[PDB]
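Okay, so here's just one chain, in structure tokens, the form solved without this ligand.
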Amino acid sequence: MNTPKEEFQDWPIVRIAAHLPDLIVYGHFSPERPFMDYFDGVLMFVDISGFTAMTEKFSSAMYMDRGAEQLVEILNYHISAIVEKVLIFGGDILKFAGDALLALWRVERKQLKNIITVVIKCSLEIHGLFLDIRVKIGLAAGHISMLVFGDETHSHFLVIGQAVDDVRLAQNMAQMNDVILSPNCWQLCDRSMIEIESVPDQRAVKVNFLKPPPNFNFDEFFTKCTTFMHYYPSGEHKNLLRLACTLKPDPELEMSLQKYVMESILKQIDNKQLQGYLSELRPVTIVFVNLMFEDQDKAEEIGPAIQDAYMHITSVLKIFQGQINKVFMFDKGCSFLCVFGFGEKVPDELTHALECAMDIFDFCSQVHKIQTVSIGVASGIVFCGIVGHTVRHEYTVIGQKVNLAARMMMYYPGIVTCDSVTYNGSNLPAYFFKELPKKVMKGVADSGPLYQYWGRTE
């Protein structure tokens, strides 16, 4: 009787699960919203510095209208290699945001110290790897909360809390090529093996090297650590990067997981649209919404506020034809990265983006526990596409206007701002705006004039 080879089965549910972390794929939690859970772990935020500049260059004539194709290829070649190290070292990639990603090693509190060594080692191999591209890495460890918010057809998750704030702060300090530990990570780690230098005006520290003791064998130490890793591929499946590669059809699980993934991606998953059409350099409008709270580490406070704000944001995006591309905590606040055009006639798309932004601003300002709303609106050519590895990848955007909109909303809090492309392009009369003082902004060479969107009445 033959025992013929069974082919890898690339079911829709498996393709869907490439877009999500094990935290959701295997999570099985309540479908109620907001939902909150609490755990501990180590976080790694990995940033490839330089793709934003490359993005601009790939619009140039030398790329012969294949810029988006070339950009995504060279980006995924590099990011793929990082994704593989993360996964082989046992991490769960939570999200991609442009040319960066955030990973988690969720473990019981006693195991944090050892896993910190695993993550440090991972970081240093990543730092080793391989355009003018640098990698910066921030690490944090401690208490983490997860929030899941949404409606009956869409779900979104976030991690929240001091370790999440720390991992942002750490990454923002890294010089090109640093690996930075949050103060708490440094406090919890195996200091006898981890050799650091100090950081100016900071309690965070920079890793110089690992100095294992005489009897230390990394392979055996890792093996012990894998006792605590619920989904580490093993035994018959030890040749796989993710357990989620073995998921089987299950209509209930697929119904739940598809709610996290945008419809145009589901269309490609279902082989109803060609792959190529989602990788593009297209003119869009970014609307970057920031919500600040009295206490942004307290899920049970902020969770309902985020859900409330989400319910309105989504109804208003539907009307003005925008989408939520990504949601994450900044150091300061919960941020919604929304996109218009991914389109109407262009004075109209611009105008809608602005009216949508004002409406979200007015509504969210009144939501209980939201301290401040800030929104930045910027327009230009940005890269849109699927970034990552075959087994773990996400739709995302990269571009100078994405970063500019983020910087605006942070440096001009409490108001709606827009750049001159948006100002000049909109259908709206000039006295709906106020020309603003030029601020010097981290990461930004020249914004051109910035404006506040004051709105219809005085």
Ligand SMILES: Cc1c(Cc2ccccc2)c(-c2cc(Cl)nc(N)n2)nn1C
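Residue numbers here begin at 1 and follow the sequence given. Definition used throughout: the rigid core is the maximal C-alpha set that superposes within 1.5 Å between two forms. Shifts are known only where both forms have a C-alpha.
Asks: Determine, among the other compared PDB entries that model residues flanking residue 362, whether at least a third leave it unmodelled.
Replies: No; none of the other entries leave residue 362 out.
Asks: Check whether residue 132 has no coordinates in at least a third of the other compared PDB entries of this protein, counting only entries that model residues on both sides of it.
Replies: In at least a third of the comparable entries (those modelling both sides of it), residue 132 has no coordinates.
Asks: Please classify the coordinate gap between residue 363 and residue 364 in terms of deposited residues: none, 1 to 3, 4 to 9, or 10 or more.
Replies: Going from residue 363 to residue 364, the model skips no residues of the deposited sequence.
Asks: Report, from the record, the number of residues in the deposited sequence between residue 130 and residue 131 that have no coordinates, as none, 1 to 3, 4 to 9, or 10 or more.
Replies: Unresolved stretch here: 4 to 9 residues.
Asks: Would you tell me which stretch averages the higher CA B-factor in the PDB entry, 383-391 or 143-151?
Replies: Result of the comparison: 143-151.
Asks: Higher mean Cα B-factor in the deposited model: 65-73 or 45-53?
Replies: The stretch with the larger mean CA B-factor is 45-53.
Asks: Quick one: which of 232, 96, 320, 310 has the biggest Cα B-factor according to the entry?
Replies: It is 320.
Asks: Go through 330, 89, 336, 228 one by one and give the residue whose Cα B-factor in the PDB entry is largest.
Replies: Highest C-alpha B-factor among the listed options: 330.
Asks: Sort the modelled residues of this chain by their C-alpha B factor and say whether residue 304 lands in the lowest, middle or highest third.
Replies: Within its chain, residue 304 is a middle-third residue by C-alpha B-factor, going by the deposited values.
Asks: Compare the C-alpha B factor of residue 246 with those of the other modelled residues in its chain, then answer lowest, middle or highest third.
Replies: Residue 246: CA B-factor falls in the lowest third of its chain.
Asks: How does the C-alpha B factor of residue 401 compare with the rest of the chain: lowest, middle or highest third?
Replies: It falls in the bottom third of the chain.
Asks: Place residue 315 in the lowest, middle or highest third of its chain's C-alpha B-factors, as listed in the PDB entry.
Replies: For residue 315, the deposited C-alpha B-factor lands in the middle third.
Asks: According to the PDB entry, is the CA B factor of residue 442 in the bottom, middle or top third of its chain, that is, lowest, middle or highest?
Replies: Within its chain, residue 442 is a highest-third residue by C-alpha B-factor, going by the deposited values.
Same protein, other form: the form solved in complex with this ligand, not shown, and the subject of what follows.
Asks: In the bound PDB entry, is there a heavy atom of this ligand that lies within 4.5 Å of any heavy atom of residue 87, even though the partner is absent here?
Replies: Although this ligand is absent here, residue 87 would stay clear of it in the bound PDB entry, with no heavy atoms inside 4.5 Å.
Asks: Within a 4.5 Å heavy atom cut-off, is residue 357 in contact with this ligand in the bound PDB entry?
Replies: Flag for residue 357 set to no.
Asks: May I ask you to state whether residue 423 is within 4.5 Å of this ligand in the bound PDB entry, using heavy atom distances?
Replies: Contact with this ligand, no.
Asks: Does at least one non-hydrogen atom of residue 94 fall within 4.5 angstroms of this ligand in the bound PDB entry?
Replies: Although this ligand is absent here, residue 94 would touch it in the bound PDB entry, with heavy atoms inside 4.5 Å.
Asks: Can all three of 284, 317 and 378 be found with a heavy atom no more than 4.5 Å from this ligand in the bound PDB entry?
Replies: Not one of the three qualifies.
Asks: Within 4.5 Å of this ligand in the bound PDB entry, counting heavy atoms only, one of 95-103, 109-117, 365-373, 218-226 shows up; tell me which.
Replies: Selected stretch: 95-103.
Asks: Scan 83, 179, 185, 164 and let me know which has any heavy atom within 4.5 Å of this ligand in the bound PDB entry.
Replies: Looking at 83, 179, 185, 164 one by one, just 164 meets the 4.5 Å heavy-atom criterion.
Asks: Please pick, from 158, 262, 324, 257, the one residue with any non-hydrogen atom lying within 4.5 angstroms of this ligand in the bound PDB entry.
Replies: So the residue touching this ligand in the bound PDB entry, by this definition, is 158.
Asks: Going through 304-341, which residues have a heavy atom within 4.5 Å of this ligand in the bound PDB entry? Please give them in sequence order.
Replies: Contacts from 304-341: 328, 329, 330.
Asks: Quick check on the comparison between this form and the one not shown: with the core aligned, only one of 295, 252, 152, 263 should show a Cα shift of at least 2 Å. Which one is it?
Replies: Result of the superposition: 295 is the only one at 2 Å or more.
Asks: Would you say whether residue 330 is displaced between this form and the one not shown, judging by a C-alpha shift of 2 Å or more on the superposed rigid core?
Replies: Yes, shifts by 2 Å or more.
Asks: Pin down for me whether the residue 364-residue 296 Cα distance shrinks or grows in the bound PDB entry relative to this form (closer or farther, change of 3 Å or more).
Replies: Distance between the C-alphas of residue 364 and residue 296: longer in the bound PDB entry, by 3 Å or more.
Asks: Residue 296 and residue 360: do their C-alpha atoms lie closer or farther in the bound PDB entry than in the form you see, with a change of 3 Å or more?
Replies: Note: Cα gap between residue 296 and residue 360 widens in the bound PDB entry.
Asks: With the core superposed, could you pull out the runs of three or more residues whose CA atoms all shift by at least 2 Å between this form and the one not shown?
Replies: After superposing the rigid core, the shifted stretches between this form and the one not shown are 7-9, 295-297, 330-332, 345-347.
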